[PDB]
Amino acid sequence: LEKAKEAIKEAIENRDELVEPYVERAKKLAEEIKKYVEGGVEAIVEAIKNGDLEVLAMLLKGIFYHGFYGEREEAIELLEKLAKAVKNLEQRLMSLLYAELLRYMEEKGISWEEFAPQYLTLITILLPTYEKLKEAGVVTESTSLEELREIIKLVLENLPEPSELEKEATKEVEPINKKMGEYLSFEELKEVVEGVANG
């Protein structure tokens, strides 16, 4: 809190630099998830337990965009439970980010398409905020989840309007991301997150 004001401010000025990498990464994850969908629950759990960021990022989008089809409560529960289970700080924060997007929509009553352009706006500002605070030693592996959510809600509270590139990229990638969250049911996602925690 407060100690990240210049980190977010500089993050909003460079947010559009992360638009193209996000689009490329999302298109790659859309094909890689099919390999791990055929691999099964045990293949996803073992990969994440051994610190595979890519598989963990695949699972995050699988949980978040599965909530687009309904029952966003369960996606919030799984994203927060997975955040505590994993040890990496970057994906800990990404899991909390997707949970806060769904939590903010339910508490405010915002529909998915009304808030879709703000997904990439929060991602492209919060990610350089994390890197800046990590480069300054403000956040670390011992940083509690409660302080990570304070960073996310601080960016989401002072969230600027989406940029032209973000609105453009949102239309390009939303159909891709929604198909990514159609393979793994909430029951399978429950098994994966439970497998990461104690499997």
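Each residue number is its position in the shown sequence, starting from 1.
- In this entry, 158 to 166 has the higher mean Cα B-factor, the comparison being between 53 to 61 and 158 to 166.
- Taking only CA atoms, the mean B-factor in the PDB entry is higher for 8 to 16 than for the other of 8 to 16 and 180 to 188.
- The residue among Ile33, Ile151, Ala26, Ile44 whose C-alpha carries the highest B-factor in the deposited model is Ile151.
- Compared with the other modelled residues of the chain, the Cα B-factor recorded for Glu141 ranks in the highest third.
- Sort the chain's modelled residues by C-alpha temperature factor and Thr124 lands in the middle third, per the entry.
- The PDB entry assigns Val193 a C-alpha temperature factor belonging to the lowest third of its chain's modelled residues.
- Per the deposited record, the Cα B-factor of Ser95 falls in the lowest third when ranked against the other modelled residues of its chain.
- In the deposited entry, the Cα temperature factor of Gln118 sits in the bottom third of values across the chain's modelled residues.
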